[PDB]
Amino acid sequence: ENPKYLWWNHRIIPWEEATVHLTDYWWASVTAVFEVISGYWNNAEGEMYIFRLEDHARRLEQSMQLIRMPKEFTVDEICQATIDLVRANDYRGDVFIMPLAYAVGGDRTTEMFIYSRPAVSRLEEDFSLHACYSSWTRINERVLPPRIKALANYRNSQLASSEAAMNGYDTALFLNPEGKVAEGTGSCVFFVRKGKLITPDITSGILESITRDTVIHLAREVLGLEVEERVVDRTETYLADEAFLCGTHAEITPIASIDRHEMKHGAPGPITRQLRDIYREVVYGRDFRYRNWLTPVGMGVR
């Protein structure tokens, strides 16, 4: 069942009006940048909570500025479009909102659509992925800034992901050109060793993850954990007590193993279970301390 609506170039339109030609936009897709924004439905409150909407909208405006898309949309327009579309679609459950900006062909024009679709959350569930390091190297600033969340950056993140599946793993992790740990294919990665949390620093060649930012805040401020952002080596992650992938799509995804070295305290391990549960209570609006991360959209009870 399609959403009722989507937003396209400054306006909400019924889903079925947004038809284009098969041959529109394949060249535009080379330039395209996107965000993935979560909405979490609190049936008790009859409110959707859109997680860090403004951070996502600012990350998009920056990705657009680095692609050098001419100015057409604002942060406030993308935030309001997302609010308006989640209300108008009238779906009272968890959603993914996806803004996607693209430049169409000298005088390129900037366009964008936003669509919101139902999403499955796994923050109640206890599951684990078996990860491998890819024989494929992560994109770097020299060739393809990981900082831009460009569709093209995912060509790199399907060399790794299809390798991982055909060799019997659930997920790929990347090494950077210099042999250091980069990120997952769609997400940042965390390692627990002791109860010290470890994650690659930004200049390891990764996206400016809002989830990574969120986890680091929650780990330091709720749990009092030490969190190291640093150059991380492959072999030390094999020795991790726990590991997880985090991102908007990934929420908190435990890693059971890495190149078949098994995380000592399981998956989800204790620090992972804690961070997963705190995350969940934040995003569903049952933690008043983190309220400023949440954009409510009142829609009335399901």
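In this text, residue numbers run from 1 along the sequence as written.
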Review point. What number of deposited residues lacks coordinates in the span between residue 224 and residue 225: none, 1 to 3, 4 to 9, or 10 or more?
Key: none
Study note, to complete from the structure: With B-factors read from the PDB entry, the higher C-alpha mean of 77 to 85 and 146 to 154 is in 146 to 154
Revision key, fill the gap. Looking only at C-alpha temperature factors in the entry, 111 to 119 or 204 to 212, the higher average sits in 204 to 212
**Study point:** C-alpha B-factor winner, where the candidates are 183, 90, 72, 94
**Key:** 183
Check your understanding: According to the deposited entry, which of 265, 52, 276, 58 has the largest Cα B-factor?
Key -> 265
**Study point:** Where the record places residue 301 (Cα B-factor, split into thirds across the chain)
**Key:** highest
Check your understanding: Hey, what third does residue 44 fall into on Cα B-factor, ranked over its chain?
Key -> highest
Practice item. Ordered by C-alpha B-factor within the chain, which third holds residue 35? Give me lowest, middle or highest, please. Key: lowest
**Study point:** Record-listed C-alpha B factor of residue 173: chain third
**Key:** middle
Point to revise | residue 235 by Cα B-factor - lowest, middle or highest third of the modelled chain | key: middle
